[PDB]
Structure formats: C-alpha cells, structure tokens
C-alpha cells in the first residue's frame, strides 16, 4: 500500500544492485531532484514513472487554480484587474495581461497614493499557490522594512491576470519611483509555490526593456525563505533609489 504523493514515495530508491547504498541515501537526501530511482534497461522504473505521472496531474491543476477574491478582500487589499477576463484567455494572450483595463486606471488613480518612492504590486500570474502560501510571510515584514526606516511607501494592491510588463503602466499612472511586483511564476512538476519579484526604477512603457528589471526568483520554503526574501527586497529597494538605476544598470 503506497501513495505516490507520500514522503515514502518521494524518498524511494530504485537502484537495484548499488555500488554503495549508504551513498545513495545521502544523494537522495541532498536534492529534491528525482535522483536514485534506477532504471529498467535504459528506461525509468515503473514507480518513478507512476510518481512522475501523479505529480503531473497535480501540476496541471495548479495552473488554472484561482484565488478567491474574498481572500483578496480580507487581506485588506484592493483587487484590481488587467484586460483579460478568463483564465483561458490569460494563458493565450500575454499582451492583454501586461496592460490594465479601463476601470483599472480609474480605481488606481482615485484610491492609491500618488508619487510613492516604493510601490508594491501583487499578481497571481501563472501560479495562485505562489502568492497564497507565501503572502502572510512576505508582505507584512516587507511593508514593515520599507516604511520602517525608509520614506514614502505606496499602498499595495492585487492585479488579477497580470504579466510583469504591466508594472510599467502602473509605475507611470502612480508616478512611482520604484515598482516592485511579486508574482507567481509557471508551476513546476513537484511544486507550485515558487514566487518571483520583478522590480524597476521609474518604468516607462515605451522605454524600459526587460533587462532594466531586477529579478529575484525561487521565493518559497524550498528556495529563499519568504521571511528573509522580504529583507533582501527592502535592501534592493534602498540600493535602487540611491543610484537611480534599475536592473542591469545597478552597480556590482
């Protein structure tokens, strides 16, 4: 009796007549990559294939999982929306994902503060689980350390169906000097909760290239932990404002 989602199945070693089986256990302990499952001829072993297939069925489900907006409302967040209406239309039109709809400009101008030094934007992106697992652990201690010894922190909000180039339009509307965007990257096989931060100094839709952004990726419990990743963004926000330089233009 074996669950393919269980911790016993994850740690399963399938190499048949090992040279050194104690080394195999430490190798499997070293990584979350699917090592040490052995082979049948040159093919995967059956259990490794089955666990692969199990994990892929879960991984498909995570891409079109969506946040409840009553989760978003009870985070204390403004929910705002891009041009896209569907999850199906998000997956197939990146261009509508990186500009806001007609009421989204209006809600942000009327309800959010104008000309902040640092502006925080949250999007579901390609993984809902990335922002929904990590939120309580990222957002308060980030939005501490910006206001807690800095200056004018902008009011945070949630973009639905966002691509990262939408933060160019957001930076222009609010007049924002640094725009930072926490967003769900594409789901992997084994894990859905990986968060990225994309960050421009003073973005402009007709000017800022992708290389002008600073990326910090792989934010979760199995990457850089969301507590201490909030510290490294606050530090980056300081370094950005000081040298007026965005991403590839940052020193050293």
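Positions refer to the first chain, counted from 1.
Participant: Looking at the entry, does 162 to 170 or 106 to 114 show the higher mean C-alpha B-factor?
Facilitator: The stretch with the larger mean CA B-factor is 106 to 114.
Participant: Which has the higher mean CA temperature factor in the PDB entry, 71 to 79 or 91 to 99?
Facilitator: Per the deposited B-factors, the answer is 71 to 79.
Participant: Just grab whichever of 133, 176, 182, 126 has the top CA B-factor as deposited.
Facilitator: Across 133, 176, 182, 126, the entry lists the biggest C-alpha B-factor for 176.
Participant: Please place residue 242 in the lowest, middle or highest third of its chain by C-alpha B factor as given in the entry.
Facilitator: Highest third of the chain for residue 242's C-alpha B-factor.
Participant: Could you say whether, by C-alpha temperature factor, residue 204 belongs to the lowest, middle or highest third of its chain?
Facilitator: Ranked within chain, residue 204 CA B lands in the highest tercile.
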